[PDB]
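Q: I have a structure here, written as structure tokens, and I will follow up with some questions on it.
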Amino acid sequence: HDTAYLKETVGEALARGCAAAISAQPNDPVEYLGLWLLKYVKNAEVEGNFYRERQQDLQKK
Amino acid sequence: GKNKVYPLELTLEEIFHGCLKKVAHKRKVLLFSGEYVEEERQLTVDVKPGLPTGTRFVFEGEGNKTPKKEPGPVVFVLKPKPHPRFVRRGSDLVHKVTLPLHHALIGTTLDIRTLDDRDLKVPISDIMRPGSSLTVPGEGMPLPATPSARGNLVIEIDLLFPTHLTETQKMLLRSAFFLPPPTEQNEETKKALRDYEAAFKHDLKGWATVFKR
Amino acid sequence: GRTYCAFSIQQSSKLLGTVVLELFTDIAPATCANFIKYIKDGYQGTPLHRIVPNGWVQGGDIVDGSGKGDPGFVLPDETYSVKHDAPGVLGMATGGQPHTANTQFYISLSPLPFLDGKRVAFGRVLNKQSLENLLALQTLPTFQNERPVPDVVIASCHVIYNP
Amino acid sequence: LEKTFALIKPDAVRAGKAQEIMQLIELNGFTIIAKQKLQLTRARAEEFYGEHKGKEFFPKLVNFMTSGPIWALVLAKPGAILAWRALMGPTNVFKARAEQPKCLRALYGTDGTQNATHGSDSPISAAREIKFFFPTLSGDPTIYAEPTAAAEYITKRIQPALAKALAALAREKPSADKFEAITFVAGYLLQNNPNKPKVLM
Amino acid sequence: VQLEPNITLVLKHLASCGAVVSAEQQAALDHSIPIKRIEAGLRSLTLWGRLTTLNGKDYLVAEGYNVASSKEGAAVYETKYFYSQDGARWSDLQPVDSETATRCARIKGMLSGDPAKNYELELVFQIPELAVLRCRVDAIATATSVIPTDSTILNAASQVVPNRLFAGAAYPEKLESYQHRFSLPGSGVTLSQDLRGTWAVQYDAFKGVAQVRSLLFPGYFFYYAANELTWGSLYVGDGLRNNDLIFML
Numbered sequence: 008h009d010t011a012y013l014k015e016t017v018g019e020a021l022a023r024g025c026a027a028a029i030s031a032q033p034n035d036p037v038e039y040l041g042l043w044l045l046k047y048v049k050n051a052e053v054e055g056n057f058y059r060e061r062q063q064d065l066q067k068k
Numbered sequence: 134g135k136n137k138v139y140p141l142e143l144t145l146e147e148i149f150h151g152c153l154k155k156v157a158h159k160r161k162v163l164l165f166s167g168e169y170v171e172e173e174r175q176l177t178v179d180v181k182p183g184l185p186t187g188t189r190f191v192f193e194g195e196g197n198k199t200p201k202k203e204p205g206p207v208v209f210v211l212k213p214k215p216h217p218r219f220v221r222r223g224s225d226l227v228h229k230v231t232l233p234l235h236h237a238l239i240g241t242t243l244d245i246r247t248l249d250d251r252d253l254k255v256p257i258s259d260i261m262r263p264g265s266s267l268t269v270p271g272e273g274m275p276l277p278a279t280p281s282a283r284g285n286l287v288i289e290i291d292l293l294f295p296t297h298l299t300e301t302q303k304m305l306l307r308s309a310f311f312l313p314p315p316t317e318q319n320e321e322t323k324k325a326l327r328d329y330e331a332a333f334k335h336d337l338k339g340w341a342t343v344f345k346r
Numbered sequence: 017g018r019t020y021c022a023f024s025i026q027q028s029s030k031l032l033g034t035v036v037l038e039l040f041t042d043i044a045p046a047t048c049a050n051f052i053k054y055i056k057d058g059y060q061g062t063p064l065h066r067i068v069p070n071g072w073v074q075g076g077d078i079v080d081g082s083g084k085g086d087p088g089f090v091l092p093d094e095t096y097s098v099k100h101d102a103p104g105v106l107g108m109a110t111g112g113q114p115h116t117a118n119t120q121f122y123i124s125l126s127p128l129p130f131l132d133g134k135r136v137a138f139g140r141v142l143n144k145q146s147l148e149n150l151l152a153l154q155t156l157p158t159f160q161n162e163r164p165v166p167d168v169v170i171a172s173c174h175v176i177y178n179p
Numbered sequence: 004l005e006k007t008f009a010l011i012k013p014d015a016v017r018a019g020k021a022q023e024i025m026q027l028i029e030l031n032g033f034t035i036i037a038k039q040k041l042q043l044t045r046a047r048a049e050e051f052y053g054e055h056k057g058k059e060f061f062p063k064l065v066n067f068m069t070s071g072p073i074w075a076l077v078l079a080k081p082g083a084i085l086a087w088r089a090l091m092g093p094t095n096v097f098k099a100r101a102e103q104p105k106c107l108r109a110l111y112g113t114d115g116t117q118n119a120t121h122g123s124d125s126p127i128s129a130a131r132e133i134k135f136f137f138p139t140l141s142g143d144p145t146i147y148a149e150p151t152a153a154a155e156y157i158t159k160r161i162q163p164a165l166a167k168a169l170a171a172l173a174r175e176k177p178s179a180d181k182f183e184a185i186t187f188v189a190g191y192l193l194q195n196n197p198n199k200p201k202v203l204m
Numbered sequence: 002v003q004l005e006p007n008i009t010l011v012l013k014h015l016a017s018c019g020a021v022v023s024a025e026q027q028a029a030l031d032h033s034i035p036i037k038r039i040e041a042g043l044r045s046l047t048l049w050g051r052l053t054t055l056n057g058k059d060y061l062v063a064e065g066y067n068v069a070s071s072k073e074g075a076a077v078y079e080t081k082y083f084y085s086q087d088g089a090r091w092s093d094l095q096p097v098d099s100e101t102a103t104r105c106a107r108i109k110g111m112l113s114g115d116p117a118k119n120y121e122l123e143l144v145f146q147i148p149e150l151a152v153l154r155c156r157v158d159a160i161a162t163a164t165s166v167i168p169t170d171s172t173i174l175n176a177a178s179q180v181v182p183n184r185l186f187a188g189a190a191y192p193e194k195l196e197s198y199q200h201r202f203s204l205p206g207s208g209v210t211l212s213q214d215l216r217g218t219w220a221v222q223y224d225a226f227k228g229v230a231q232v233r234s235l236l237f238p239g240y241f242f243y244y245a246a247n248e249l250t251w252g253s254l255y256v257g258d259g260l261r262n263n264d265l266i267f268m269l
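Chains as they are written, first to last, in the UniProt record's numbering: chain A, 8 to 68; chain B, 134 to 346; chain C, 17 to 179; chain D, 4 to 204; chain E, 2 to 123, 143 to 269.
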């Protein structure tokens, strides 16, 4: 049912976000969590980009 | 559907840098008593760098609570306090400097202390027209969309003409405003100009540099 | 780059038309997987059950063929992302309450704003000939209480262009 | 290894003795974890001195603390709090000169309120104040990371906004891919949340 | 090894090439470089050069930058240029847009002293002299900014920073040991990749000092002392360009 959808869609990253938000003790935990999720997707794409650039530089050398 | 609108006054430095204000609210809850009872809530409002004037921050669920209706939101409208130097005009600042006439013609350097703790010295690049202006790019308020780019500082020039001039000063001004081009000058003209310049910049009896009494 | 599948419509030994459909195998994958598994094994002789004039052409029951629910499986609700705004939007149908979807499918014949967020839409018609075939199927000679009086049947059904 | 908060007051900064104070602090075994020069405003100082609310000395204390820039420091040592109290010496300069002549109050203080330094009292106050001036400085992974306290934290603050967000998402049911749903729920959380307002222009 | 070229060492090593400044201006520089470095937010403000003029009031031009990043395959410095007539009081040089940047390269000549001078082109286009000065400085900096190779390096967040473990350049007489400042550290681009006859290198191997002189821009000198590992560069003379390099060589 719907709980399976919620789980296998958000839960894995949401648990890490909650652990990060509770370790740091911010002043606005909800906003902290939202910005954390945005930075999460952004850092995934940028680490892919970083791997690509490193490989390209090695090949050119 | 009534809401309580409150001005929120900020200084240009706060809006430039991005403040984090804690405001107080006096909220009234109606009871059976003839008079009301009120409490002070604290609200954290986070103004981002260079938000446009007139920005509305709405707190939903905060406001005077009548017995039957859930209270409507409370609105804070951002407005800037007057500044001694700058006035913001959209995304860039405006500085209105009064300029001497000889600074306009001959040219000098205006001195301006920016909102950031950096001083600024801007040359006068030509004969400043009356009602003209100068523009220094990248020296305005930050762009609310992108937190790196900024506007351009705008100097609006209002000339300060001299109040008194003697007849010999007027003679000198007319000789300056009608001097022939340097390829049309006689040898007498060049010798006279050299003599006058050596006399006006005389190190002990010339008036090129004097000390104020 | 999606998958494609086609089937024929025939009324009383008279070929009424054929239709080809694209399946949104990038939006709602599991629904497409179930639909192709049932069009490979099933839908071969299942009547067109419910036909609303300016609404949708519905049908595709398996064990009964006349509009009552079937046992053996229940399909969960995948996604409300495809919006019913243009004709020829294939989707699955279920009871009022979600997570009871069955082989019953429906193809829209007009903009259907209300259905958005209530029914899983996971496909589309491909060309104008198929859409005109459905629009012509609307005005059958006689159809009694939203069912064609003769049996308008899927004679053939097959999958083309993809695994 | 613990750490405490300590600020050099405007009187020892107006006299240019801040650098000597830092050197003395470092000579005794401390380690300046983070330092910052900053000028408090009236509201920030009043919130800072919340414990002595409505006291008799509060007006002059808050008026002096916002007369010039101060220095804020975090000092780390095994016995940081008690060691900094001992080094900082007695709280009254006139008493300090008689009791401990070679102490920061005696050397740089001039008055009962112009003691030229401020330190913490207890670990709870120290952690509170470090969080007050250094919101991003990490620390205390034991009291915060505690299953009972963590469950209470999630329930009391994060859970009320999260439950509404996961419900709205279950109602909407966006695309089955992870990224779209994650972006949707993050935007929802950043859009309507209890403590922050909504920004319109 | 070094992190910022001196003014005294540069003025000492480049004295023989005519790259000298007045003594009173030297003292004024010594006093008023830190003042401008602190007034502006810059963290590295050196003397760029000295351009001549129809008057005696040459333009002393200084250059300073806060951040130096690696953008689009090029090490880009957010430079800021200042000018003065005497070393006491500096003013700023605002950048120029592209239309003026193309209408300022046709004004060949020697700049006058008052920076409130307007040149005329063709309708008449009235251009300020400070725009021409900035154009010439930008062109010279694009063509001539020389530093020893591997003197810079890339860190995290892609900022070009001084190589604190730089052990100097072997063979300091070969042009392969020098590079433009806006070449990324990994790239093997040097002054050799420029036109063959543009740069002249005279290397005193006993005292261990190398001089690189620009022949396309005749007034640009660069010195590199290997034993003490100090490199600097100055530009004296006007900013006009030597078009007919083929005939002179």
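The beta carbon of each residue, even a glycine, is placed where N, CA and C say it ideally should be.
1) Is there a C-beta anywhere in chain D that falls below 8 Å from the one on B:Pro140?
2) Who does C:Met108 pair with in a DSSP beta bridge?
3) Let me make sure I understand the geometry here. Which of E:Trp251, E:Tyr82, E:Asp115, E:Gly257 has the alpha-carbon closest to that of residue 128 of chain E?
4) Here's a check: name, in chain order, each residue in its chain whose Cβ is nearer than 7 Å to the Cβ of D:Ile84, leaving out the five neighbours to either side.
5) For B:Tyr169, is the classification buried or exposed, using 16 other Cβ atoms within 10 angstroms of its Cβ as the cut-off for buried?
6) Indicate the three-state DSSP secondary structure (helix, strand or coil) for E:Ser33 in the structure shown.
7) Looking only at C-alpha atoms, which of B:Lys159, B:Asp179, B:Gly240, B:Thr199 sits nearest to B:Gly134?
8) Any C-beta of chain B sitting closer than 8 Å to the C-beta of D:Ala46?
9) Quick one, are the C-beta atoms of E:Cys105 and E:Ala151 less than 8 Å apart?
10) Would E:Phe237 and E:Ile160 be called neighbours here (beta carbons separated by less than 8 Å)?
11) List, in chain order, every chain A residue whose beta-carbon is nearer than 7 Å to that of D:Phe182.
12) Please check the pair C:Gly104 and C:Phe138, which I expect to be a contact at CB under 8 Å, by giving their CB distance rounded to whole angstroms.
13) What residues in its chain sit with their C-beta under 6 Å from that of C:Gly133, if we drop five residues either side in the sequence?
14) On the criterion of 16 or more Cβ atoms from any shown chain inside 10 Å, does E:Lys227 qualify as buried, or is it exposed?
15) Examine chain B for any beta-carbon lying closer than 8 Å to the beta-carbon of D:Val202, and answer yes or no.
16) How is the alpha helix (DSSP H) around residue 349 of chain B delimited, first residue to last?
17) Along the segment 13-30 of chain A, where does the CB come closer than 7 Å to a CB of chain D? Name the residues.
18) Between which two residues does the alpha helix (DSSP H) carrying D:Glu50 extend?
19) Distance, Cα to Cα, A:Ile29 vs D:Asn198?
20) Short of 8 Å in beta carbon distance, which residues of its chain neighbour D:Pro62, apart from the five on each side in sequence? Order them along the chain.
21) Would you list, in chain order, the members of the segment 46-75 of chain E that have their beta-carbon closer than 9 Å to a beta-carbon of chain B?
22) Does the pairing of the segment 201-212 of chain B with the segment 265-272 of chain B give three or more beta-carbon distances under 8 Å?
23) Using a Cβ-Cβ distance under 8 Å, would D:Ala171 count as near chain C?
24) Can you check which of these residues, B:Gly284, B:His235, B:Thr186, B:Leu253, is closest to B:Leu141 by C-alpha distance?
25) Among E:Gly252, E:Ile266, E:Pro96, E:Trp49, which one has its Cα closest to the Cα of E:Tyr60?
26) Going by DSSP, which residues form a beta bridge with C:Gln74?
27) Can you find at least 3 beta carbon pairs, one from the segment 138-153 of chain B and one from the segment 213-230 of chain B, that sit closer than 8 Å?
28) Compute the Euclidean distance between the alpha carbons of E:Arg38 and B:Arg251, then round it to the nearest angstrom.
29) Where does A:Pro33 land, buried or exposed, given buried means 16+ other C-beta within 10 angstroms?
30) Among the residues of its own chain, which have a CB less than 7 Å from the CB of E:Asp87, if the five just before and after it don't count?
31) With distances taken between CB atoms, is the gap from B:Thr188 to B:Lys155 smaller than 8 Å?
32) For C:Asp77, which residues in the same chain have their Cβ closer than 7 Å to its Cβ, ignoring the five residues on either side in sequence?
33) So, do the segment 105-122 of chain D and the segment 87-94 of chain D have three or more beta carbon pairs nearer to each other than 8 Å?
34) In chain E, which residues lie with their C-beta within 9 Å of the C-beta of B:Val255?
35) By how many angstroms is the C-alpha of D:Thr139 removed from the C-alpha of E:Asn175?
36) If I follow the unbroken beta strand (DSSP E) through E:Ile173, where does it start and stop?
A: Once the coordinates are examined:
1) no
2) C:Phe121
3) Residue 128 of chain E cannot be located in this model; chain E continues from 123 straight on to 143.
4) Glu5, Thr7, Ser123, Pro126, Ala129
5) exposed
6) In the structure shown, E:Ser33 falls within a helical segment according to DSSP collapsed to helix, strand and coil.
7) Here the closest residue by C-alpha is B:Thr199.
8) yes
9) yes
10) yes
11) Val48
12) 13 Å between Cβ atoms; not a contact.
13) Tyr96
14) exposed
15) Yes, contact with chain B.
16) One cannot answer for residue 349 of chain B here, as it falls past the ends of chain B, which runs 134 to 346.
17) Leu13, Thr16, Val17, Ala20, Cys25, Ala28, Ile29, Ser30
18) 45-51
19) A direct Cα-Cα distance of roughly 17 Å separates A:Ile29 from D:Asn198.
20) If we look at D:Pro62 and ignore the five residues flanking it on each side, it has no Cβ neighbours.
21) Listed in sequence order: no entries.
22) Judged by Cβ distances under 8 Å, the segment 201-212 of chain B makes no contact with the segment 265-272 of chain B, as fewer than three pairs qualify.
23) no
24) Of the listed residues, the one whose Cα sits closest to B:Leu141 is B:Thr186.
25) Ranking E:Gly252, E:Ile266, E:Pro96, E:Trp49 by Cα distance to E:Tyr60 puts E:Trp49 first.
26) C:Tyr122
27) yes
28) 10 Å
29) That one is buried.
30) Around E:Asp87: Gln26, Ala29.
31) no
32) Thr62, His65, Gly83, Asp86, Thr119, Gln120
33) yes
34) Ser92, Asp93, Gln95
35) 24 Å
36) 172-174
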